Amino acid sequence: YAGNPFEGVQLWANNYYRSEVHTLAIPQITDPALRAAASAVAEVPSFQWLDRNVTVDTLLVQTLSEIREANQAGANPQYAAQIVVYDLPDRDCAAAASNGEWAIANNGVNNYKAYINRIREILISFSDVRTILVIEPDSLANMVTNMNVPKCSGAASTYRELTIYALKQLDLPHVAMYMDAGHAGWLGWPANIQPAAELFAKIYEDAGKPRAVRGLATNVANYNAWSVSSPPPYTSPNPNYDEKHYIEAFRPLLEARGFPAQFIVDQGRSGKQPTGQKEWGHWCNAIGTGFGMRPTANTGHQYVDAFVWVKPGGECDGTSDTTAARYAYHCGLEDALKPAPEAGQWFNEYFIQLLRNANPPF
């Protein structure tokens, strides 16, 4: 399929994030400068996540409905949707306890198939709304590096099967799909990049190379630069120390195995470089980060369809409350901002950090 799905469309800024900013953040921010900036960030079009089954029949439909409405009223160019599919059973297999709602051992496969089927039903009813999907962040990447972790080892075949199922069922003509493929600091290491290309290329193949699968999404919910002149200290000794280096190394390996993947790159929290991460693998609520380059299809790069905002900045990565059931070690470190609420919940102090550190500024 020849055609960048981000080209020739405007990207819809969804009302779920807008409401978060306007109802939870702006009333809380006294400083004029920041409050102007906040209102402006609310209009930056970030991905909306289907992180729970209940979102399918409510939020997904609401957003597609609003987009259709805006387009029917004369939006020019028309608006497109950006949605994340994020509800594999045994989700986030490397964590002690995931916020995911389903389990492989408790009818997780069937629940997920129905989930996908219902999404498909809805997408088919909104065939007039160009729809871009990011498929399952924090899933197949674990298969490259975390097979020594029992929940991951045990989830691998199901991850693969359900991913293929999704790629095939959501291969509709008005859709473009990007599978998550970690980031420079995860799969970009020379010991990992080849096995990663293998994995993803093979999935593409077994899925029948569906037209709709455009490629891969990188840096989702992470902080890496697209392109910086010198390597952040915590990146050494990796030559792929930013997404540009990663993707330039990654694409040829994918292509040689039959998957000429185009990429989208999350920059929603990449504005400040280097970050305040003490080590690169410090992924949770990292300090010293800022909103990054605004979403655009004009990337200047042949292999990159668009710079995007996948993880919506200000939505938490995980809780720092050691007394809490889904507490995660990484969220309690010295370079994680604290105290932090549950994953996905609004973390206003983190929002303010991102606003202060925005590059380009608001």
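Residue numbers here begin at 1 and follow the sequence given.
As the entry records it, the average C-alpha temperature factor is higher for 147 to 155, out of 286 to 294 and 147 to 155. Of the two segments, 109 to 117 and 218 to 226, the one listed with the higher mean B-factor is 109 to 117 (C-alpha atoms only). Per the PDB entry, 37 shows the highest C-alpha temperature factor of the residues 310, 61, 54, 37.
Remark: of 13, 354, 25, 343, 25 shows the highest value [criterion: C-alpha B-factor in the PDB entry].
Placement of the Cα temperature factor of residue 189 within the chain: highest third of the modelled residues, per the deposited record.
Per the deposited record, the Cα B-factor of residue 171 falls in the middle third when ranked against the other modelled residues of its chain. In the PDB entry, a CA B factor belonging to the lowest third of its chain's modelled residues is recorded for residue 318. Among the modelled residues of the chain, residue 274 sits in the middle third by CA temperature factor in this PDB entry. Ranked by C-alpha B-factor against the other modelled residues of its chain, residue 254 falls in the middle third.
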